[PDB]
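This document starts with one chain, in the form deposited in one PDB entry, laid out as structure tokens.
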């Protein structure tokens, strides 16, 4: 324990304080007659490269501390010490790969991977022993990466971009806040370089021009689409901010988003995914994408949490039992200010559960009511102008986060859609409800008169994801860090 039992590691050696699992490390060494496992320089490079990705992503002080210790040992040609720590670090790496899809949320969105992980599984240790036997350690590492080809495509682009990282490229500058098509451009050189850096087709852009010509109109709009901006062709502050992004900032985002896929690595055949920073969702039935929709997500002050839930059921013409927190902070203040707020929003005051007692307002002294002490509940009646619209998609969980229709459809016109108190508002709620029921053969004979709860035959897994970079139709897409979760990897 306190000292790893190998002849070639001195008891004085600092690797004895850096090794997380001395017993398992000894097991691996003893079963290879205590020889070096990292003698082949290609294998040690591939592992450092993969650890560099973890480092850049900035979610793991553990993997960062180990990586720099390893680099230190390599600088000083202390290859014995490099070997042991590398073996120990590969065990942590295998645990990481196995545990990410189980408790990963904690490392990327609640805290950090600071403390050593529990040993990897028996199956993983066996896989390790055989990889050593066959001199296939690199292949072992690659096998313990996500199934999704989205991982590979993100890492390819990372590699390409890593090579040209520290090449100088002028900041794009303009003096007029907005440049439209036809307007003169001071810095058209930088503009086109920076369109090229994100792998847009730059070939058909004219070289000798010095204004916003026809040949830029498609490229700028495509750049705007790639970043979830309004494709209005106007080079504004939003376009410029993304243009002037460094390659080291882009590599941070790629690294972080690559490793994030380990938290949602499988595509199930039946599935619902909401990408918060992309403000959209998709529903897969039977391995086939059957439904897509823009969504509204929680505001920055009441964010939609990243989580896994299940959809069990669906309410048509739902009522809205107003959560306590929303009654005190939002509704009651306004009710004190507007005698007729409740009548306009068809809300009632309730003192009961299941068979509740409808309380008459104005029999309360509203000026004397303190929101936090108010003892009753609020309930909004079913109707087209209900906050849940005509459909609530029940995804029970401890945070009371679910999906629902909305009467406020104009919110879908905005590019950034962090407006709600946490729940996910679905644009095509009607089509979504139709598809859910069809795919379980639960279609309604007739549209319900009023409130109808429909239980699903099979629960559908719901993944609420935070992925600010992904691969779509041959290019990488990017999204604003709406909840500031990828801020640490940018240096902010």
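Just so we're on the same page, rigid core means the largest C-alpha set that superposes within 1.5 Å between forms. Residue numbers count along the first chain shown, from 1.
Missing here is the form deposited in another entry; even so, the following discussion is about that form.
- Just one of the listed positions, 159, 75, 115, 339, moves its Cα by at least 2 Å between this form and the one not shown when the rigid core is held fixed, and it is 339.
- Once both forms are fitted on their rigid core, the CA atom of residue 404 lies less than 2 Å apart between this form and the one not shown.
- Superposed on the core, the two forms differ at residue 268: its CA moves 2 Å or more between this form and the one not shown.
- Once the rigid core is overlaid between this form and the one not shown, residue 371 counts among the residues whose Cα shifts by 2 Å or more.
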